[PDB]
Amino acid sequence: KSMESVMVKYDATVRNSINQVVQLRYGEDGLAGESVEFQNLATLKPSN
Amino acid sequence: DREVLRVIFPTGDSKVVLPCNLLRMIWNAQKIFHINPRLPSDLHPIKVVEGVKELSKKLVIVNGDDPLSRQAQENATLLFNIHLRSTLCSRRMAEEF
Amino acid sequence: XXXXXXXXXXXXXXXXXXXXXXXXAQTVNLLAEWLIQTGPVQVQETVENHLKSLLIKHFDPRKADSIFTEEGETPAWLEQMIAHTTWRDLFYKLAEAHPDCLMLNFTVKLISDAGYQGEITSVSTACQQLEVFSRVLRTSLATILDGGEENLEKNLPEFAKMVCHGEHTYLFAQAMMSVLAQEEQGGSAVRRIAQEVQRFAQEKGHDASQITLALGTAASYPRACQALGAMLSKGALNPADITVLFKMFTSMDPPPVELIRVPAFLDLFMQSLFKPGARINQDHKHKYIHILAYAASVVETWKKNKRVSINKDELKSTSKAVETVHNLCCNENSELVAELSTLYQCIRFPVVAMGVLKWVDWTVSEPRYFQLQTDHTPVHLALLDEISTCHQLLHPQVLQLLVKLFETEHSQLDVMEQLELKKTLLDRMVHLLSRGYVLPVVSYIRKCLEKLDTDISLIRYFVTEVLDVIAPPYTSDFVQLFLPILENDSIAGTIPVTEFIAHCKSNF
Amino acid sequence: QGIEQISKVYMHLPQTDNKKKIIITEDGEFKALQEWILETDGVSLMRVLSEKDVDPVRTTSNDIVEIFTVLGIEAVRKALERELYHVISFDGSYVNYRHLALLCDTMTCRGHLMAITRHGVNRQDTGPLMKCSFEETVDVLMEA
Amino acid sequence: XXXXXXXXXXXXXXXXXXXXXXXXXXXXXXXXXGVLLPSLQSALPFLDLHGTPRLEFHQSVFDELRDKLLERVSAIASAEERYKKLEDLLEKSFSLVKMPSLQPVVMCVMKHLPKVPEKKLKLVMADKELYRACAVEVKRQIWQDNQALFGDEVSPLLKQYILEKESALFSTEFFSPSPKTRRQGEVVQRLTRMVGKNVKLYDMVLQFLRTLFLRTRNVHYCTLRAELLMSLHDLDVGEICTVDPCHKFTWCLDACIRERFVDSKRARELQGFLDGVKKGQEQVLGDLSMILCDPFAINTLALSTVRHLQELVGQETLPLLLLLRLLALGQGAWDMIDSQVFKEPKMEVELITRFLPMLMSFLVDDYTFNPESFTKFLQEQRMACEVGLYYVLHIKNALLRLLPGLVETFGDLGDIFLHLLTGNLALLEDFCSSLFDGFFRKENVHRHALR
Amino acid sequence: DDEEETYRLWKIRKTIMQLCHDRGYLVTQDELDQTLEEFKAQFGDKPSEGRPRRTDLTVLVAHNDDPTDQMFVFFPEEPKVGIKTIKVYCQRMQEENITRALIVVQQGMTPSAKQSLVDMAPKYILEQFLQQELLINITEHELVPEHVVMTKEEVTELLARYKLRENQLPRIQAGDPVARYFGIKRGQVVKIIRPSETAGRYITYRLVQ
C-alpha cells in the first residue's frame with residue numbers, strides 16, 4: 001500500500017500517482033531486473 | 001575507468017549485476033563461428049576500439065543531445081561501459097578471446 | 001667501421017652517402033658535464049644502462065659465434081667489458097635469454113675464471129660447465145660457512161635451489177659434501193649444510209635418498225642399505241625393514257651407527273610414532289623403540305678404521321622414556337597432568353624432547369584446540385617451555401612453532417580470547433628469550449612491528465615482559481635489535497623503560 | 001566518564017571485509033587491514049563522532065532517526081539501504097538492488113522520513129480515495 | 001647549422017678530409033669523433049656485425065639524454081642555487097642558438113627569473129628573427145623591452161574590435177547576455193599571452209589599449225579592460241589586481257552588476273568607492289574610461305535604471321537609488337572625448353523628473369487599462385536617459401498608447417540598433433514594430449532578418 | 001581541560017573554514033588546513049581566561065563572486081544566547097554592509113532568540129549553529145554524498161529538460177543538516193551525485209522546502 005502507484009513513465013522516469021518523480025531512471029540505470037546477470041569486473045581487482 | 005571503479009567500489013568486490021553477460025556472449029561467438037584459439041586472428045584491434053566506441057554510442061538510456069541529457073546518459077551506462085571497454089578491449093580480443 | 005667502408009670503396013653513390021652520414025658525441029659530453037655541474041655517477045650509469053638496453057634489445061644468436069670462428073682472442077672488447085661490473089650483467093642476461101651459445105658460454109667461463117661471480121642465474125649461467133658451477137658452488141658454500149646460522153636461514157632457499165637445478169648439480173654438490181665431511185675438523189658444518197640441501201631436494205619432489213645412502217659410506221652392508229633405501233624412498237615406516245634392522249642391530253656384530261642416524265629417517269620416525277593419529281601394533285612397537293634408543297643412545301669410540309667400544313647403558317633409560325611418552329601419545333584423553341612429572345623427566349632426553357615437540361605441534365596446530373581449552377595457559381605450551389628449558393638445540397624449532405601459532409588467525413575464538421592466546425604464546429617467546437635464544441625472537445618482534453599488522457598492544461606486552469626480567473649489562477647486538485622497537489612512537493609514549501633507555505643512551 | 005545513553009561498548013576485530021579497513025597499496029592492490037572497531041549499546045552519533053581518534057567518516061549507526069537528524073536525508077537514504085540490505089541478506093538471500101533502492105527512494109522522497117504506516121503514507125498528497133483504501137477510511141473521508 | 005666548438009671541429013674535419021689522400025686520416029677523424037671511458041669501442045663490434053647504424057645510436061642517446069631529464073632540468077629550475085644553475089645552463093646553451101635548442105631554450109625558460117639583458121638583447125633579436133618557442137618568457141621580455149608586445153596587443157585589440165563589429169552586424173534573438181565566466185573568449189588567450197605576474201607590462205598594455213579605444217577608437221574598446229580584469233581575478237592574478245587600488249573593487253562591482261543587475265548593496269559599494277576616490281588624473285580617469293567603455297556594463301546599468309524607475313513608480317517617491325543610477329550614468333556616459341581632470345557634469349533633476357513622470361504615467365495607464373511631448377523632449381534632450389526609456393518601452397491599452405511614443409522617438413534619434421533588436425525580440429504590436437522599423441547597413445539587415 | 005577546549009575551538013574553526021570554502025566564500029588554503037599548533041600560536045592555547053576568547057575567533061569572509069556579499073562567523077562567549085547579544089550582533093552588522101552571519105553557539109539558544117532570528121530573516125540572514133554540530137564536517141562522512149547547489153539558470157534548464165514542475169522533484173527540508181551546511185533556502189535546488197552499483201553514477205535533484 002505504500003508504493004502501489006509507483007511506475008515507470010514513458011519518459012523512462014519513475015513517478016508516483018502525484019506525478020512526482022521518485023527516480024529519474026529505474027534502478028538508476030533504467031533496466032528491468034529480470035534480464036541482468038551476475039558479472040565480474042576484470043579491472044577493479046588486479047594490481048597495477 | 002579503473003580509478004572510477006575503485007572510487008565506486010572501495011571494497012574490492014568485482015561481482016556486479018549487469019545486463020549483457022559479455023563472457024558468455026564471447027563464448028557463444030567462439031562456438032558459433034568455430035574460432036580456433038591456436039591460430040592467429042583476422043580481427044584488427046583498431047576495429048575492436050572503434051566497434052566498442054560505436055556500440056557505446058548505440059546503447060542509450062537517456063535520450064537527448066543536451067549536456068544534461070549527455071551527462072545522465074554517461075552516468076546511467078557508466079558501469080556497463082566500463083565493463084564493456086574492459087571485456088572487449090584490444091589486448092583481450094587479441095590474446096584470450 | 002665507416003672507415004672500413006670508405007677504404008673498401010675508395011658503388012661510389014652509396015659510399016658517398018655513407019661517408020656523409022658518418023660525417024654528420026661531444027655535445028653528449030657537454031650535456032653530461034652541464035648535468036654534473038647542475039647535479040655525476042648517475043649520469044654515466046644511466047648512459048651505460050641505455051647502452052645495455054640497446055645492445056640487448058635486437059638479437060645476437062650467431063654473430064658472436066661468427067667472430068669466434070677465428071677462435072676470438074680479441075682482448076679489445078673483452079678486457080674493456082669484463083671488469084666494469086655492468087657488462088657482465090648484460091652477458092648473464094644474454095646467456096639466460098639465449099642458452100647453449102658457444103660465445104656466451106666462453107664469456108661466462110672467462111668471467112668465472114677471474115673470480116667475478118656473484119649472480120646466481122641458476123638456469124643457464126650457473127649450471128652449464130663444470131668449471132663455472134664448481135667455482136660458483138665453492139663461493140656459495142664459503143659464504144654459507146662464513147655467515148653462520150642466520151645466513152643459513154636466509155640463504156638455503158636460493159642456494160639449494162641453484163644446486164638442485166639438475167641431478168648432476170646435486171650429485172656434484174653432494175660429492176663435495178661427502179669429500180669435505182670426512183675431514184677431522186669442520187666436517188659437522190659440511191654434514192649440516194648437506195643435510196639441508198638434501199631435505200630441500202626431498203621437499204622439492206625429487207628423490208635424493210639414493211645419493212645420501214651411496215655417498216655416505218652406508219653401503220657396507222647391502223641388506224640394511226637396501227632396507228633403509230626403501231624406507232627413505234617410500235616415505236613411511238614399514239614393518240619388514242624395521243624388523244630387518246632390529247634383528248641386525250641385536251646381533252653379535254653391530255653395524256656402524258651412521259646410517260641409522262640419518263636425520264631424514266629420524267624425522268620420518270617422528271612422523272610415524274609421535275603422530276596422535278597413529279596406532280603402532282604392539283608386536284613392532286618395542287622394535288621401534290629399541291631402534292630409536294640404539295640410534296640416539298650408543299657411545300661409540302672410533303680410531304680411523306673401526307670401533308672397539310659401544311655403550312648400551314643409556315639405551316634402557318632412553319627406551320623406557322620413549323615407551324612412556326609413546327604411551328602418553330596413544331592415551332590422548334585428562335590423564336596428562338596426573339603424572340606430568342614423569343613426562344618432564346622423559347623430556348630431559350633430547351630425542352624424546354623433539355618427539356614431544358612434534359606431538360605438541362600436531363596437537364596444537366589442529367584446529368578447534370584452543371576452543372576446547374578451558375585453562376588460561378594450555379599444558380602443551382608448558383611442555384614447550386620445559387623443552388626450551390632442558391635443551392638449547394631445539395630452540396629454532398620452538399620459535400618456528402611459536403611463530404606458526406602467533407601468525408595463525410583463530411576465527412573460532414573471541415577477540416579477547418585471541419588476544420590472551422597471543423599473550424600466552426608471547427609469554428612462551430619471552431621464556432625462550434630468557435633461556436638464551438635471544439636474537440631471533442627480538443628479530444621476529446622487529447618483523448612484527450613495522451612490516452606486519454600485529455597488535456601494538458602485543459608488542460608493548462612483549463617489551464614489558466622482557467624489561468621486567470632483564471638487567472644490565474647488555475651487548476651491542478641485543479641493544480641494537482631491541483632499541484628500535486622501544487622508539488617506534490607507538491610503544492614509547494604509552495609504556496621501567498626509563499632506566500633501560502638511560503642505560504642505552506649512556507652506554508651505546 | 002563516557003556519554004549518556006551509551007550503556008555498553010564492545011570491541012572486536014571484524015571478520016568479513018564489510019567492516020575491515022580496505023586500502024589500495026602502492027602497487028594498486030586491495031588489502032584488508034584488520035583494525036579495532038567499537039560496537040555500542042545505545043546511540044548518540046553527534047557526541048561520538050566528535051571524540052578524539054574516532055573516525056568521523058566511517059562511524060555509522062543502526063538508528064535511522066538519528067542518522068536523519070545528524071547527517072541528513074541522503075545519508076539516511078543510504079543508511080536505510082544498508083540496513084535493509086543487511087536484514088535481507090543476513091540469511092544469504094539476495095534481492096535485486098532496484099527494489100531496495102525504490103523502497104528507500106519512496107521513503108525518503110519528501111525530505112522527511114516517511115514511515116510505512118498510517119502516519120507516513122496517509123499524510124501526503126495522495127488523494128482521499130487511495131488514502132482511505134489503506135487505513136482509517138472513515139477518518140480520511142471525513143477529513144476530505 | 002650550429003657553429004661553436006662542434007661547428008669548428010666539423011669545419012676542421014672538413015678541411016682535413018679535403019682530398020690529398022690520407023685514408024688513415026678519415027679513420028683517425030672517425031675515431032676522434034665515443035664520448036668518454038672508451039667502452040663504446042668495445043660495444044662497437046657488437047653493433048657492427050649486422051649492418052652498423054651509428055646515426056641510430058647517436059639520435060637515440062641524444063633523444064634520451066634530452067627528453068628523460070628535461071624533467072630534471074625543470075626540477076632544478078623549480079632558489080639562489082637553482083637560479084645560478086639555470087643562468088649557467090643558459091650561458092652554456094647560448095652558443096647553440098643555430099643548433100636545435102628546444103631543450104636548450106626550455107632550460108633557460110625554466111630558470112628565467114634573472115633576465116640577463118646583456119645576452120637578453122641578442123636572445124630577443126634571435127627570437128624575433130627565427131620565431132622562437134619562448135612563449136611566456138619571450139612575451140614578458142618583449143613587453144618589458146619595447147613596444148613589440150604593444151604592437152601584439154594592438155593587433156589583438158583590432159581583432160577584438162572587428163569581432164565585436166561582426167557580432168553587432170550578426171543579429172540574433174538581449175544584447176548578447178553573458179557574464180565574465182561564460183564570455184571567456186578572445187581575451188583568455190590574450191590574458192595567457194600576458195606576463196602573468198607582470199604588473200608593469202600588463203599595466204602599460206592596458207593603458208595603451210585604453211588610449212587607443214578612447215582617443216582613436218569606438219566604445220567597443222575599454223570593455224576588453226574589464227574582461228581582462230575579470231579574467232585575472234578569476235585566474236588568481238594577485239599582483240595585477242593588487243596594483244590597482246580601486247580597480248579590483250570596481251571590477252567586482254561590475255561583475256556583480258553583470259550577474260544580477262538589481263542590487264542596492266552593489267550600488268552602495270559603488271557609491272562608497274566613488275566617494276573616497278583619488279584625483280581625476282589617476283584612478284579617476286581610468287575608472288571613468290572603464291565605466292564608459294563597458295557596453296555590457298552599460299546595458300546592465302540601463303536595466304538597473306529601468307528597474308529603479310519601475311520601483312520608484314511603484315513607491316510613488318520620485319524626487320537615492322535613482323540618484324545613484326543617474327550618477328553612474330553620468331560617470332559612464334563618456335570620458336575619452338576630451339582628456340582632462342575627472343568631472344561629473346550630469347544629473348539634470350528637472351529633465352530626469354519629467355522623463356520619469358512620463359514612464360510613470362504610461363505604467364499607470366497600462367495598469368488602469370488592464371506622450372508626443374515627452375518623446376520630443378527626450379529626442380531634444382539627454383540621450384543617456386533616452387536609451388533607458390527606449391529599453392523600458394521595448395520590453396494592453398498602455399502598450400498601444402506608448403507605441404506612438406516609441407514611433408515618435410524612433411523618428412527623433414548608433415546604439416539604437418541593439419535596443420531595437422532587443423525590443424523586437426522581447427515583443428497587433430508586430431505591425432507597429434514593423435512600421436517603426438521601416439520608418440528609418442546593420443539596421444536594415446536586422447530589420448530584414450526580423451521580418 | 002583547557003588544551004582540550006582550544007583543540008575543540010580549532011576543530012570548530014576548521015569546520016567553519018571548510019564550510020565557507022564549500023559555500024563559495026574566499027577562504028585561503030593555509031586557513032583551510034591549519035594544524036592545532038598553528039591555532040595555538042595564532043590565538044593563544046588558553047581559552048579559559050587567556051588569549052583565545054570567543055570574540056577573537058570571529059571570522060569575516062567574502063564570496064568569490066562579489067566582494068559585497070560578505071559573511072560573519074560570530075562566536076558568543078555565553079553558552080545560552082539571548083535577545084540582547086543577537087541585537088549586539090545585528091548592530092555590528094548594521095554598521096557595516098554585511099547581511100549574513102553564522103552564530104556558533106555553545107549551548108542551545110533561547111526560543112525567543114530563535115524566533116527573533118526568524119523575524120528579520122528577509123533583512124538579515126543569521127544562521128545558528130550548535131557547538132557540537134561543528135566539531136566534525138558532516139559532508140566528509142561516507143553516508144553523505146556530494147551536494148552541489150544549482151544556480152537559477154541550471155534549475156530552469158533542469159525543469160525544462162525533464163518537463164517537470166518544481167513540486168514534482170523530491171525535496172529536502174530547510175532544517176536538514178546538509179541544507180544548513182550549505183545555507184540554502186526554500187525554492188533552491190541542490191543536485192546530489194552519489195555512486196551506484198547498478199549504473200556507476202547517479203545524479204538526483206532535491207528542492208528545498
# chains A, B, ... in the order shown; residues from 1 in each chain; ligands from 1
>>> interface_residues(of="chain C", to="chain E", cutoff="6 Å", atoms="only C-alpha atoms", output="list in words")
residues 3, 25, 38, 77 and 80 of chain C
>>> select_by_dssp(residues="segment 7-49 of chain B", states="strand (DSSP E)", output="PyMOL selection string")
chain B and resi 15-18
>>> write_last_selection(atoms="N, CA and C atoms", output="short mmCIF file (atom, residue, chain, number, x, y, z; two decimals), in the first residue's frame")
data_model
loop_
_atom_site.label_atom_id
_atom_site.label_comp_id
_atom_site.auth_asym_id
_atom_site.auth_seq_id
_atom_site.Cartn_x
_atom_site.Cartn_y
_atom_site.Cartn_z
N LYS B 15 32.10 -8.57 -8.20
CA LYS B 15 30.85 -9.22 -8.61
C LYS B 15 29.75 -8.17 -8.67
N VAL B 16 29.40 -7.75 -9.88
CA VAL B 16 28.35 -6.76 -10.09
C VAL B 16 27.22 -7.40 -10.88
N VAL B 17 26.14 -6.65 -11.03
CA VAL B 17 24.94 -7.12 -11.71
C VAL B 17 24.73 -6.22 -12.92
N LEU B 18 24.87 -6.78 -14.11
CA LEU B 18 24.90 -6.03 -15.35
C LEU B 18 24.10 -6.77 -16.41
#
>>> residues_around(residues="residue 369 of chain E", least_positions_apart="6", cutoff="7 Å", atoms="only C-alpha atoms", output="list in words")
residues 396, 397 and 398 of chain E
>>> write_last_selection(atoms="N, CA and C atoms", output="PDB file, in the first residue's frame")
ATOM      1  N   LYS E 396      -2.480  46.407 -21.957  1.00  0.00           N
ATOM      2  CA  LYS E 396      -2.933  46.324 -23.341  1.00  0.00           C
ATOM      3  C   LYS E 396      -3.063  47.711 -23.962  1.00  0.00           C
ATOM      4  N   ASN E 397      -3.886  48.560 -23.339  1.00  0.00           N
ATOM      5  CA  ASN E 397      -4.079  49.914 -23.847  1.00  0.00           C
ATOM      6  C   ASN E 397      -2.848  50.784 -23.624  1.00  0.00           C
ATOM      7  N   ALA E 398      -2.110  50.545 -22.535  1.00  0.00           N
ATOM      8  CA  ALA E 398      -0.900  51.316 -22.264  1.00  0.00           C
ATOM      9  C   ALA E 398       0.174  51.062 -23.314  1.00  0.00           C
TER      10      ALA E 398
END
>>> residues_around(residues="residue 25 of chain F", least_positions_apart="6", cutoff="6 Å", atoms="only C-alpha atoms", output="list in words")
residues 62, 63 and 64 of chain F
>>> select_by_dssp(residues="chain F", states="alpha helix (DSSP H)", output="PyMOL selection string")
chain F and resi 3-22+29-32+36-43+83-94+111-119+152-161+177-182
